[PDB]
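To begin, one chain is listed below as structure tokens, in the form deposited in one PDB entry.
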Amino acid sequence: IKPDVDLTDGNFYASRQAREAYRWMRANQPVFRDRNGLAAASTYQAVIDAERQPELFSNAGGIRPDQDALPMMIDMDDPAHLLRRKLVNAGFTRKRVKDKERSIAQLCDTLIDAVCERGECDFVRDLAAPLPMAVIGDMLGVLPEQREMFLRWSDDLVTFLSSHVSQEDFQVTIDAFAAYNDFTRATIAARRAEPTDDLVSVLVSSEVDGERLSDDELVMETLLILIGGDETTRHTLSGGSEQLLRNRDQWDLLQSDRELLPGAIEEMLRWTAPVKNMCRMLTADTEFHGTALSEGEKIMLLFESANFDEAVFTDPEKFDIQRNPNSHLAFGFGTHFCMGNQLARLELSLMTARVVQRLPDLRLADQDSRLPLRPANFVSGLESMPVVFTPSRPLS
């Protein structure tokens, strides 16, 4: 009954055997070691305990299992992490995010306008994937005419930061970083010359304790915002909508009562957990929930496993938009708790509301399909999602 798994193999997260493996871990070895000896916290309690002990469970070795740390806030410990976060968080105040509703809602209606006359689309390719990229592109000063070029960068940049870059990909990947770097430094220079109220303008002016973000830091932190908030948000939108359609009583409940939308978004986040893991590196030997851990090794925090922990969530394989409490760990916990969580929730809220209203009879093309998942060991979710609906006229 024990799973024979490599937690650094993206195929594990795409196999649809992962939650069965998680169940074995939570029941039998809550701090699990995989077939290569990699440690992983599988229970909600173990994930929370590690998050609450950043001096023992550090981010400064990097958040990926077999990669060096990068000079960005997520690979830093406090108090230096706080300064970097304080500087960047000026772009993500509650007002600034709330003020994005008008533009985000307009993006949602434009995306739905593009497919509403067809009566079919791919929910991932045509709705869930374009929205987070357009939202982040808008904040970074990407013209809609530059969205094609910017979109190729964003896909190739995921490969750049991934665990293995093939010989055949090395060129396009370093070319994507260079292109992103050059583009971003141009935007930075433009806002230092002529400030506006976009994200880069806010970041170039941000000052904490007489310290500002350097140009190097601005490229790194905007890159973290782009990669961190693009595919993740996409996967919650698609996988959450998949669950509304597979449990159509939940779709009907939400369609009938807009006040259920916040709870629905939280259940979509709990269920989809697009960030499958973040690593911590041990700063000392320790005994952790029955497993001996050694100084210098990394442990994965399995957020999806935690989100299906029966110790915290009653009937966790039931998708329930009215679930309360719903203290899921899709955004993590503690000092690195997702900086983009309010923006992600707003994108998800606005798009889901518009889909339920404008594609009211949305359905999966084939409910017996096992839809394909991205075989990546870090962020994963649906690769495609064919849907059908009654055509309607665009709002234009």
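Rigid core: the largest C-alpha set superposing within 1.5 Å between the two forms. Residue numbers here begin at 1 and follow the sequence given.
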Legend entry - Mean Cα B-factor comparison, 183-191 or 320-328, giving the higher one as deposited: 320-328
Legend entry - Stretch with the higher entry mean CA B-factor, where the candidates are 168-176 and 213-221: 168-176
Legend entry - Highest-ranked of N341, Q67, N59, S42 once sorted by CA temperature factor in the record: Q67
Legend entry - Residue of maximum C-alpha B factor among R270, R234, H81, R248, per deposited coordinates: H81
Inset, instruction - Comparing against every modelled residue in the chain, figure out the third that the C-alpha B-factor of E242 lands in (lowest, middle or highest). - result: lowest
Inset, instruction - Grab the CA temperature factor for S380 from the record and place it in the lowest, middle or highest third of its chain. - result: lowest
Inset, instruction - State the tercile, meaning the lowest, middle or highest third, of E55 with respect to the CA B-factors recorded for its chain. - result: highest
Inset, instruction - Sort the modelled residues of this chain by their C-alpha B factor and say whether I74 lands in the lowest, middle or highest third. - result: lowest
Inset, instruction - Could you tell me which third, lowest, middle or highest, the C-alpha B-factor of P274 occupies within its chain? - result: lowest
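Below: the form deposited in another entry, not depicted.
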Inset, instruction - Kindly specify the one residue in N247, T286, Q322, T93 whose Cα moves by 2 Å or more between this form and the one not shown, with superposition done on the rigid core. - result: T93
Legend entry - Cα displacement of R147 between this form and the one not shown reaching 2 Å, rigid core superposed: yes
Inset, instruction - Kindly check if the Cα atom of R191 is displaced 2 angstroms or more between this form and the one not shown relative to the superposed rigid core. - result: yes
Legend entry - Large Cα move at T110 between this form and the one not shown, threshold 2 Å, rigid core: no
Inset, instruction - Explain in one word, closer or farther, how the Cα atoms of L343 and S162 are placed in the other form relative to this form, where the distance changes by 3 Å or more. - result: farther
Legend entry - Direction of the Cα shift between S162 and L226 in the other form, where the change is 3 Å or more: farther
